[PDB]
Structures are given as C-alpha cells and as structure tokens.
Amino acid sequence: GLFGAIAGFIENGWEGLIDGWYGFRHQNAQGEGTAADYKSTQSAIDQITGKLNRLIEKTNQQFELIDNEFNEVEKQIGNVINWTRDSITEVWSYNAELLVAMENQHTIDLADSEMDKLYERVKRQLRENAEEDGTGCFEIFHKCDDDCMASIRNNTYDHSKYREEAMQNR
C-alpha cells in the first residue's frame, strides 16, 4: 500500500487476532499478551461499509422491450438495436471493471493508512520513553507491567511519570 505498513515495515499479520482488524501484542515481566484496538478497527470498517452501501443499490430507471424474441423485428432496425445494445454493454463492462479496480486500490491503501495512524498515535504517546524497533514495535526502557500496557492501549498513559527512569536507561 501507499503508507508502507501493511506488507511494508510490518512483516505480516496475526492469525491469532480474531478480536479486530488492528491490535497490540506486548512482552513484559508478566509475559506476552494480545488485544485489539476498537477505534482503528471501527474507523476502517465504517469506511468500507460506507463504500458498500453506496454501490449496492439498483436504479429506479425502467427500460422496456424494443425487440422481440418470438417474432423477429425487421432486420435493419434489429441490427441498429443490437449495435446500440452491444455498444452500451461495452460501456458498462468497462465502468464495472474500472470501478472495482479503483475501489480495491483505495480500500487496500485505506487499511494501510489506518494501521499507520495507530502506529503513529502510540509513538506520540511515549515521548522519548521508547524507541522504534523498525518492525512495527516499540522498545520500552522503563518497566511496563500489564497495568501499564493497558494504559497505553486505552490512551491514559502518562509519559511524565516514567520519563526520568526511561531517559536514564537510554
């Protein structure tokens, strides 16, 4: 994708993450744990479903028969009708192919974006109490227990409390 996270600097996805689209997986004194981020998952879901509702609709435009399947119309008028119908088919076949391709490009980039937005949010929270691993992970200098990890996930992590100890451990 354009934002270089999904199939980018993140190696791969997690098949264990059945909770949501995006999430956190930590390591600390208590061990490893994994959880989903609601806000990011929901923002991507809402945007995709909004594409669907827009495309999955049929027009109220009525068309009638202009030829006949049991009693062939005159040949000249019949050939004009067929030529016109085939010309229209060619237009819609193009429109459909182009619509889905461009939507699909945007949908993949959109998901890539949301991952990046989540990654950047977390970096901005930690404020010199952590550094970038480069594989989509943050090495934390100070000791961050399960209580501490949850605070990061819930946006309640106060960087100033752990600053001095993390700073020193540089």
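Residue numbers here begin at 1 and follow the sequence given. Under this definition, the rigid core comprises the largest set of C-alpha atoms superposing within 1.5 Å between the forms.
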**Report entry** Farther-lying stretch by C-alpha RMS in 5 other deposited structures of this protein, rigid core as reference, of 34-42 and 55-63
**Finding:** 55-63
**Report entry** Given 20-28 and 158-166, the range whose Cα B-factors average higher in the PDB entry
**Finding:** 158-166
Report summary line: With B-factors read from the PDB entry, the higher C-alpha mean of 62-70 and 121-129 is in 121-129
Report task. Determine which member of 39, 106, 54, 143 has the highest CA B-factor, using the values in the deposited entry. Result -> 143
Query - Third assignment of residue 102 from its chain's C-alpha B-factors - result: lowest
